[PDB]
Amino acid sequence: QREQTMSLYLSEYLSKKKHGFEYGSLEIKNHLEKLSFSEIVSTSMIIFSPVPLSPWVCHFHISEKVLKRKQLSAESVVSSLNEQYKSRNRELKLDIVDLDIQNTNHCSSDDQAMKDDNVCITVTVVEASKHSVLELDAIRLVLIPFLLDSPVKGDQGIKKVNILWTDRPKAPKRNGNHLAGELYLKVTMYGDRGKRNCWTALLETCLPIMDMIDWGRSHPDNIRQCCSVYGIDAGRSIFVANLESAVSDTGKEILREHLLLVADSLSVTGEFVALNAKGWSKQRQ
Amino acid sequence: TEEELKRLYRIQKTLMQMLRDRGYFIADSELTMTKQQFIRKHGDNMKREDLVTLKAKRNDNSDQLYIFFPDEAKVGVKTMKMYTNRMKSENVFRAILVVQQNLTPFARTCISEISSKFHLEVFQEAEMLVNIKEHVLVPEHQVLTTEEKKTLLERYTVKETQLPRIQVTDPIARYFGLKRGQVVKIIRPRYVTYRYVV
Amino acid sequence: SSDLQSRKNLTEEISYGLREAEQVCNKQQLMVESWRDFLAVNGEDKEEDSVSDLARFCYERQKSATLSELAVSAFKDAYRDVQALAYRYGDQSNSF
Amino acid sequence: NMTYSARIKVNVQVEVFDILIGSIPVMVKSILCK
Amino acid sequence: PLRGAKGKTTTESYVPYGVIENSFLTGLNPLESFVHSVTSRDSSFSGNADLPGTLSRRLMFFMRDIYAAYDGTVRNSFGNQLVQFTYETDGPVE
Amino acid sequence: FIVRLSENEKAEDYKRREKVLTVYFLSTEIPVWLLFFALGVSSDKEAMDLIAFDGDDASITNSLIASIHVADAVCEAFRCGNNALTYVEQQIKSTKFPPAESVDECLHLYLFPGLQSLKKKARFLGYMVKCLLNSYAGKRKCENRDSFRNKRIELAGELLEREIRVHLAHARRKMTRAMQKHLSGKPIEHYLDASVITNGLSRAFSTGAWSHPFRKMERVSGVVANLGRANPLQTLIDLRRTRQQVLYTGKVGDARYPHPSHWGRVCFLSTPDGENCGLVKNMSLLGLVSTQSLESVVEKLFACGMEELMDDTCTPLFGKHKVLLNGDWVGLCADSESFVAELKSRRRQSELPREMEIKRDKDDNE
Amino acid sequence: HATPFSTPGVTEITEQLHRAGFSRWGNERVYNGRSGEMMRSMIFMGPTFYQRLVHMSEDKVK
Amino acid sequence: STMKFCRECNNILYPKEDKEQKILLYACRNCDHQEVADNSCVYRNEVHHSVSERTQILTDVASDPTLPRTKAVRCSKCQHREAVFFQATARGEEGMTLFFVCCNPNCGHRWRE
DNA sequence: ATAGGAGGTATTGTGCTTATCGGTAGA
RNA sequence: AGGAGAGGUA
DNA sequence: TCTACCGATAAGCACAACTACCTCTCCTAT
Ligand SMILES: [Zn+2]
Ligand SMILES: [Zn+2]
Ligand SMILES: [Zn+2]
């Protein structure tokens, strides 16, 4: 599966503060949401300005209102762009040995003056004493798409995070069952690359906010790979809960023993085999 | 740097919790060590060397496990050979290796070839961030000894193969250090069940 | 209905209930991140814009799926009360 | 239990230096029908 | 919107949403009748009825061998594999 | 004639893979700008004026620039002289089955036969490219297969026509084979077999397998059905039906649902339930199928006020609406409303065929 | 006339039935044929148009 | 993303940079004509997310997310638990303050944190 | 035994088994 | 007697 | 510095795309 739905629960120490759960959930959503640089910038243009610097300096003029709404700053986005450029640097197969980004409140651009409260971001390409980057087509087709796809917030893995309310969670709390209805977050992550597990990447992105997220009840929503993370028993329990939810949605009433027998029969070899012929053959093998 | 320090603190705490669960006589001071105390005892730099320690089983002092932390990621055959030579010199039969990146296929083949003489366990640093055992979904796991396994087999008059199976690659089996041929006892929130490691 | 006057009263009540349900759906359609500035407790001069744009709400609803789900949920919630009028306008001898 | 069709006649000329081609079924009450 | 698009960029797809004020007793308007026919076009085509049959067949193929033993355990017919040591029924007759 | 907008994959490196405009004419894959300049165009500005996008979009300009660069790289000095004509002739001759006609004659008959002039077809190509760019930009909606506005139905004038054509072709092949076998080593009646076509028609009517409209093989089914004599209503409704062929029965799309184009043409409230749910549509009571008109409408159009299309490509159009007759650019009109009103007035006086559709849309300006 | 899109109103039908001498709602008082007692609730009666399908009983016997 | 036709032969011009001239120039390959550039602009595109054309209506891209709802907070005018909470700035205040909107169709009351 | 050119078009949809395609790790 | 194709029932 | 397997990206290949059913028509080259 490419969606790889996750499930995160808030910690119990946030209830002491007034409206602590809402603030914590909003902070987690703000920190763990992918925001592309193209969504903030409005007008991108290349201006001919004339380690030695190369010509064709690119300008990214960004309105201040968007930054205010997103609670960001020009210095912060410049630092994020530099960090992401120095993080991978796998693309851009040309003379981009050095790439420096400068921030200017007002730029010497007389082409248009429609917006007076827009901050301009200057990106300058540096060439190692060569004219291999003198053309405009290469930069326009490679560097401009690269910067627009760079996320200024969140992580590349996380697609979207939504805040939901539930009354019968899949992972009940040990004590304090009197609380009828809690608040949790659902996280969807991209599955473009299968080399690394989505949960593994999610754990690394939550290091600054480990305390806020209650890891004692958080678990992936998937069934197949949940056994590889929390054991076969946790996957069986989540499968039983999902089967009960499906039966309830169907409108029919089914006794518990039938569902338990189904769960035990579909996980007798330590893994949840498929209903196809291959799964049965593997189970018999 | 501080993020790496707190990551290593979390890894050490989870490792100590797992060792205490496995029953290797872990002192309460290490279990109850705070982040500030860990940083104060850490010094200026850890260099992934102070985490190396040797622990012995609570029941028997002869059995001991050595924890090894490589200095750099992407270990090779030479590092594994040095580690197994050190194990042979120190006369230890079990060891836990925590690596930052996935092992070299040649290193994996070397580990598998010498698995009969000594048992080696490999754990990723990302997998140790959150304690698997301390979870609401995970039920209580109890490892049965040889006598209890024989009693269980004789009571139901069943064979080892005629039992529910659990793969070695499952996180619980690696958490408890379960080898092939061992059964476990599971209590669900009561009816109990048993799983055979294969 | 007992007579023609009761039928006319029921028809008018149904029409008003449908209008109220449509208004409730239009109000519920504003629960999006685009109208956070308007939903805040401040001074906004575009209050009449959200009311006079009656023909645009249906077009916006028919284009989005989440908006359609919210609209149908709100319509069901506001139409349960409309359905409840049968017990008031129905006699005890009604076969249905 | 036969086919209600009509024959086709067209002249064919061969040069060096009305024949029958086929029968098309006829719909009832068409341009050619009794 | 019924005339292709409302011209507000040109749309290509829509999610129909209509409210019918009239009832069956009064009489459906031709446009209301068209809307009702579009809404009720579902369940006219029976092509997805194969899903329950296939699912039932596969599940039955998987669970046919399961039977209860004289010892109180639940065992599979293939090799007397132990599925459940004790039946998890909540009573009342064993 | 197909114009396709897609990323360039021929003689293109990794850095340059932007979308370009290509022309698929006789399976030659000719760049659009070379074809534009081959049809009596000698200026980039004139070509841009022909493609009257009338909008400010960066993607369209980038695609046009990429197409121009691709055309320049493919052929050197194509603007000067007639190198574009030589290049397109070479591309045509490179096909597996090239036409027998030369380049000077292929462009007149195999390229827009409706437009006789060699420069008017260039304007038609410019209009087609403009429509494609408008559709890409989202200003113009794309055609849908569910609507009846873009669909036509044939009962007997075309369904039997293709069967007659293929049977006649087979009979001609057999006749020429027999003639070749007999010439080397007889009345004309014995040369032509009179039973092949009759047997083929009998097989088609009995088995019900009809020739595919676009495939020689893979005969379609369900074209010919049997009548029901249980009651006259059954045989009346069987004669009045419409069938749409779908590749697979499990999934069709939006054709199974009613469309606003069905208003007054086919019955949207009655349709068979089952596998062919919505595919078979019963025609309405006031439903008629138009037939081909033998009269010539082009002659009568100029009398109403229509102005002929300009031959020269240099002269632009200010506000003259385009007049299209059966997909052919016949002329131009100054005011569309007065022109259509006059056409309707003439039609209502029995001066025009009674089965004719007049469409006037201000969005497309035609 | 019973034109599908030109159906007469319910009030017109009720008035037409009332002028015929019967109840305006289409229900008439009936008496049980087994005991002769009068039923408490009126029974709706009307000459509807029915059809007979081609599916028979002996055609399905196997 | 800009183009112009030189007056000499009416053909497209491609931008180029000369180290000695140190000024933007436009010349075509069709004819031999170099002309001075204006505003020193070679590319100007407004950033838009209209990439998946004719595809955002069928598949829900979730361009505008829905505001979260909570049931812990209790409304004042009515005794309804469901409410909508979000963060927005005030008229002149700084930072983000939590707001609340009642979900009762008959209430229509909004209050701050 | 012979016969049945050649055309731009206008089913998906899941598993499985290749090839190939670079691609680092070890001596 | 076996097949292929259509219209159909629960 | 040159071997030595070793996971990824397309390209085909193989079943699966529902029960109980009931009628009619057409079919077996030349
Ligand atoms: Zn600037
Ligand atoms: Zn020039
Ligand atoms: Zn309220």
# chains A, B, ... in the order shown; residues from 1 in each chain; ligands from 1
>>> residues_near_ligand(ligand="ligand 1", cutoff="12 Å", atoms="only C-alpha atoms (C1' of nucleotides) and all ligand atoms", output="ChimeraX atom specification")
/A:43-49,57-63,102-113,115-116,118-124 /H:41,44
>>> residues_near_ligand(ligand="ligand 2", cutoff="8 Å", atoms="only C-alpha atoms (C1' of nucleotides) and all ligand atoms", output="PyMOL selection string")
chain H and resi 5-13+27-33
>>> write_last_selection(atoms="N, CA and C atoms", output="PDB file, in the first residue's frame")
ATOM      1  N   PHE H   5       9.946  39.296 -31.717  1.00  0.00           N
ATOM      2  CA  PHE H   5      10.369  39.147 -33.102  1.00  0.00           C
ATOM      3  C   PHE H   5      11.158  40.378 -33.525  1.00  0.00           C
ATOM      4  N   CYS H   6      12.345  40.159 -34.084  1.00  0.00           N
ATOM      5  CA  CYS H   6      13.168  41.273 -34.531  1.00  0.00           C
ATOM      6  C   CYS H   6      12.552  41.918 -35.767  1.00  0.00           C
ATOM      7  N   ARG H   7      12.670  43.244 -35.852  1.00  0.00           N
ATOM      8  CA  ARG H   7      12.038  43.988 -36.933  1.00  0.00           C
ATOM      9  C   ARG H   7      12.662  43.703 -38.294  1.00  0.00           C
ATOM     10  N   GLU H   8      13.876  43.150 -38.330  1.00  0.00           N
ATOM     11  CA  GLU H   8      14.563  42.968 -39.604  1.00  0.00           C
ATOM     12  C   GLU H   8      13.936  41.846 -40.424  1.00  0.00           C
ATOM     13  N   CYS H   9      13.642  40.708 -39.790  1.00  0.00           N
ATOM     14  CA  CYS H   9      13.111  39.560 -40.511  1.00  0.00           C
ATOM     15  C   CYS H   9      11.888  38.926 -39.863  1.00  0.00           C
ATOM     16  N   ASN H  10      11.401  39.467 -38.744  1.00  0.00           N
ATOM     17  CA  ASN H  10      10.214  38.954 -38.058  1.00  0.00           C
ATOM     18  C   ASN H  10      10.393  37.483 -37.675  1.00  0.00           C
ATOM     19  N   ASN H  11      11.404  37.233 -36.847  1.00  0.00           N
ATOM     20  CA  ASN H  11      11.689  35.892 -36.363  1.00  0.00           C
ATOM     21  C   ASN H  11      12.038  35.952 -34.883  1.00  0.00           C
ATOM     22  N   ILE H  12      11.888  34.807 -34.216  1.00  0.00           N
ATOM     23  CA  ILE H  12      12.060  34.742 -32.769  1.00  0.00           C
ATOM     24  C   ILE H  12      13.506  35.050 -32.393  1.00  0.00           C
ATOM     25  N   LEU H  13      13.688  35.597 -31.193  1.00  0.00           N
ATOM     26  CA  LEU H  13      14.997  35.965 -30.670  1.00  0.00           C
ATOM     27  C   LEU H  13      15.297  35.151 -29.420  1.00  0.00           C
ATOM     28  N   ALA H  27      19.495  38.279 -30.271  1.00  0.00           N
ATOM     29  CA  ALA H  27      19.810  38.097 -31.679  1.00  0.00           C
ATOM     30  C   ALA H  27      19.197  36.789 -32.156  1.00  0.00           C
ATOM     31  N   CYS H  28      18.792  36.762 -33.420  1.00  0.00           N
ATOM     32  CA  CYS H  28      18.198  35.568 -34.002  1.00  0.00           C
ATOM     33  C   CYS H  28      19.191  34.856 -34.911  1.00  0.00           C
ATOM     34  N   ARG H  29      18.923  33.572 -35.140  1.00  0.00           N
ATOM     35  CA  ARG H  29      19.725  32.770 -36.052  1.00  0.00           C
ATOM     36  C   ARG H  29      19.258  32.903 -37.495  1.00  0.00           C
ATOM     37  N   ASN H  30      18.012  33.333 -37.704  1.00  0.00           N
ATOM     38  CA  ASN H  30      17.498  33.532 -39.055  1.00  0.00           C
ATOM     39  C   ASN H  30      18.290  34.608 -39.791  1.00  0.00           C
ATOM     40  N   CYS H  31      18.296  35.825 -39.258  1.00  0.00           N
ATOM     41  CA  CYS H  31      19.026  36.945 -39.835  1.00  0.00           C
ATOM     42  C   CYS H  31      20.116  37.393 -38.867  1.00  0.00           C
ATOM     43  N   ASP H  32      20.946  38.328 -39.322  1.00  0.00           N
ATOM     44  CA  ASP H  32      22.060  38.846 -38.529  1.00  0.00           C
ATOM     45  C   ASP H  32      21.656  40.215 -37.991  1.00  0.00           C
ATOM     46  N   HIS H  33      21.088  40.224 -36.788  1.00  0.00           N
ATOM     47  CA  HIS H  33      20.640  41.461 -36.158  1.00  0.00           C
ATOM     48  C   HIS H  33      20.718  41.307 -34.648  1.00  0.00           C
TER      49      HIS H  33
END
>>> select_by_dssp(residues="range 73-148 of chain B", states="alpha helix (DSSP H)", output="list in words")
residues 77, 78, 79, 80, 81, 82, 83, 84, 85, 86, 87, 88, 89, 90, 105, 106, 107, 108, 109, 110, 111, 112, 113, 146, 147 and 148 of chain B
>>> write_last_selection(atoms="C-alpha atoms", output="tab-separated table (two decimals), in the first residue's frame")
chain	number	residue	atom	x	y	z
B	77	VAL	CA	33.73	-7.73	7.13
B	78	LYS	CA	36.82	-6.50	9.00
B	79	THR	CA	34.74	-4.95	11.80
B	80	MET	CA	32.71	-8.15	12.21
B	81	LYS	CA	35.90	-10.23	12.27
B	82	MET	CA	37.36	-7.96	14.95
B	83	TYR	CA	34.14	-8.21	16.97
B	84	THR	CA	34.05	-12.01	16.80
B	85	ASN	CA	37.76	-12.22	17.68
B	86	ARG	CA	37.08	-10.02	20.71
B	87	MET	CA	34.14	-12.25	21.67
B	88	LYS	CA	36.32	-15.36	21.37
B	89	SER	CA	39.04	-13.74	23.49
B	90	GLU	CA	36.52	-12.66	26.15
B	105	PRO	CA	25.39	-8.44	2.65
B	106	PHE	CA	28.90	-9.86	3.06
B	107	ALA	CA	28.70	-9.00	6.76
B	108	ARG	CA	25.29	-10.68	6.96
B	109	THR	CA	26.69	-13.83	5.33
B	110	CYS	CA	29.64	-13.78	7.74
B	111	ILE	CA	27.26	-13.48	10.70
B	112	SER	CA	25.08	-16.32	9.41
B	113	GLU	CA	28.09	-18.58	8.79
B	146	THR	CA	12.46	-26.76	28.53
B	147	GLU	CA	10.63	-28.45	31.42
B	148	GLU	CA	7.55	-26.26	30.98
>>> residues_near_ligand(ligand="ligand 3", cutoff="10 Å", atoms="only C-alpha atoms (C1' of nucleotides) and all ligand atoms", output="ChimeraX atom specification")
/H:74-83,101-111
>>> select_by_dssp(residues="chain B", states="strand (DSSP E or B)", output="PyMOL selection string")
chain B and resi 53-56+64-68+94-99+119-124+140-143+165-166+183-187+192-197
>>> residues_around(residues="residue 17 in chain I", least_positions_apart="4", cutoff="12 Å", atoms="only C-alpha atoms (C1' of nucleotides)", output="number ranges by chain")
K: 11-14
>>> write_last_selection(atoms="N, CA and C atoms (P, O5', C5', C4', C3', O3' and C1' of nucleotides)", output="PDB file, in the first residue's frame")
ATOM      1  P    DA K  11       8.976  -1.254 -21.257  1.00  0.00           P
ATOM      2  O5'  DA K  11       8.844  -2.839 -21.089  1.00  0.00           O
ATOM      3  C5'  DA K  11       9.915  -3.688 -21.484  1.00  0.00           C
ATOM      4  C4'  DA K  11       9.440  -5.122 -21.635  1.00  0.00           C
ATOM      5  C3'  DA K  11       8.064  -5.280 -22.285  1.00  0.00           C
ATOM      6  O3'  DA K  11       8.061  -6.412 -23.145  1.00  0.00           O
ATOM      7  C1'  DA K  11       8.047  -6.275 -20.152  1.00  0.00           C
ATOM      8  P    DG K  12       7.516  -6.278 -24.651  1.00  0.00           P
ATOM      9  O5'  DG K  12       6.656  -7.609 -24.870  1.00  0.00           O
ATOM     10  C5'  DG K  12       5.596  -7.925 -23.977  1.00  0.00           C
ATOM     11  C4'  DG K  12       5.968  -9.099 -23.090  1.00  0.00           C
ATOM     12  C3'  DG K  12       4.925 -10.223 -23.041  1.00  0.00           C
ATOM     13  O3'  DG K  12       5.548 -11.490 -23.215  1.00  0.00           O
ATOM     14  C1'  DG K  12       5.486  -9.532 -20.853  1.00  0.00           C
ATOM     15  P    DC K  13       4.675 -12.758 -23.679  1.00  0.00           P
ATOM     16  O5'  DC K  13       4.131 -13.385 -22.310  1.00  0.00           O
ATOM     17  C5'  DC K  13       4.952 -14.279 -21.566  1.00  0.00           C
ATOM     18  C4'  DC K  13       4.160 -14.960 -20.462  1.00  0.00           C
ATOM     19  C3'  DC K  13       2.794 -15.513 -20.879  1.00  0.00           C
ATOM     20  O3'  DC K  13       2.623 -16.823 -20.343  1.00  0.00           O
ATOM     21  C1'  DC K  13       2.549 -14.068 -19.024  1.00  0.00           C
ATOM     22  P    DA K  14       1.237 -17.615 -20.537  1.00  0.00           P
ATOM     23  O5'  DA K  14       0.484 -17.407 -19.144  1.00  0.00           O
ATOM     24  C5'  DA K  14       1.048 -17.918 -17.945  1.00  0.00           C
ATOM     25  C4'  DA K  14       0.033 -17.891 -16.815  1.00  0.00           C
ATOM     26  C3'  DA K  14      -1.373 -18.354 -17.193  1.00  0.00           C
ATOM     27  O3'  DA K  14      -1.956 -19.060 -16.099  1.00  0.00           O
ATOM     28  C1'  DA K  14      -1.447 -16.106 -16.456  1.00  0.00           C
TER      29       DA K  14
END
>>> closest_atom_pairs(of="chain A", to="chain I", cutoff="12 Å", atoms="only C-alpha atoms (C1' of nucleotides)", output="Markdown table")
| residue | atom | partner | partner_atom | distance |
| --- | --- | --- | --- | --- |
| A:274 | CA | I:15 | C1' | 11.6 |
| A:276 | CA | I:15 | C1' | 9.7 |
| A:277 | CA | I:15 | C1' | 10.3 |
| A:278 | CA | I:15 | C1' | 8.8 |
| A:279 | CA | I:15 | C1' | 11.2 |
>>> decode(residues="range 15-73 of chain A", atoms="C-alpha atoms", output="short mmCIF file (atom, residue, chain, number, x, y, z; two decimals), in the first residue's frame")
data_model
loop_
_atom_site.label_atom_id
_atom_site.label_comp_id
_atom_site.auth_asym_id
_atom_site.auth_seq_id
_atom_site.Cartn_x
_atom_site.Cartn_y
_atom_site.Cartn_z
CA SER A 15 -4.74 17.72 29.94
CA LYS A 16 -3.36 19.72 32.88
CA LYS A 17 -3.13 22.89 30.79
CA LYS A 18 -6.39 24.54 29.77
CA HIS A 19 -7.29 23.45 26.22
CA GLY A 20 -3.97 21.61 26.16
CA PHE A 21 -5.11 18.87 23.78
CA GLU A 22 -6.21 21.30 21.05
CA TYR A 23 -3.01 23.35 21.25
CA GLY A 24 -0.85 20.22 21.22
CA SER A 25 -2.68 18.74 18.25
CA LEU A 26 -2.44 22.01 16.31
CA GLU A 27 1.28 22.29 17.09
CA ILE A 28 1.88 18.70 15.96
CA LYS A 29 -0.07 19.30 12.75
CA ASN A 30 1.86 22.51 12.07
CA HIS A 31 5.22 20.84 12.69
CA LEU A 32 4.51 17.59 10.79
CA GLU A 33 2.83 18.93 7.63
CA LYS A 34 4.56 19.21 4.26
CA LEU A 35 4.38 22.76 2.85
CA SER A 36 5.96 23.18 -0.57
CA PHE A 37 7.92 26.33 -1.35
CA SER A 38 5.77 26.88 -4.45
CA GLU A 39 2.67 27.31 -2.27
CA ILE A 40 4.21 30.39 -0.60
CA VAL A 41 5.97 32.10 -3.52
CA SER A 42 3.72 33.98 -5.95
CA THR A 43 5.97 35.35 -8.72
CA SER A 44 9.23 33.69 -9.80
CA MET A 45 11.43 35.49 -12.33
CA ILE A 46 15.01 35.42 -13.60
CA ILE A 47 16.87 38.74 -13.91
CA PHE A 48 20.23 39.24 -15.63
CA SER A 49 22.26 41.04 -12.96
CA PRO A 50 25.40 41.95 -14.95
CA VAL A 51 34.42 31.55 -6.32
CA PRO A 52 33.21 33.83 -9.12
CA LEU A 53 29.45 34.27 -9.39
CA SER A 54 27.46 33.14 -12.42
CA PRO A 55 24.93 35.28 -14.32
CA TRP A 56 21.15 34.78 -14.57
CA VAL A 57 20.29 35.39 -10.92
CA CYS A 58 16.84 34.09 -9.99
CA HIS A 59 14.40 36.17 -7.93
CA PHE A 60 11.59 34.77 -5.76
CA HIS A 61 9.30 37.59 -4.63
CA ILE A 62 7.04 36.47 -1.77
CA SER A 63 4.25 38.43 -0.10
CA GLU A 64 4.51 38.99 3.65
CA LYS A 65 0.84 38.13 4.24
CA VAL A 66 1.40 34.49 3.27
CA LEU A 67 4.36 34.25 5.65
CA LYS A 68 2.28 35.82 8.44
CA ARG A 69 -0.54 33.32 7.86
CA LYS A 70 1.89 30.38 7.84
CA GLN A 71 3.89 31.79 10.80
CA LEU A 72 7.18 31.82 8.91
CA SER A 73 10.03 34.23 8.23
#
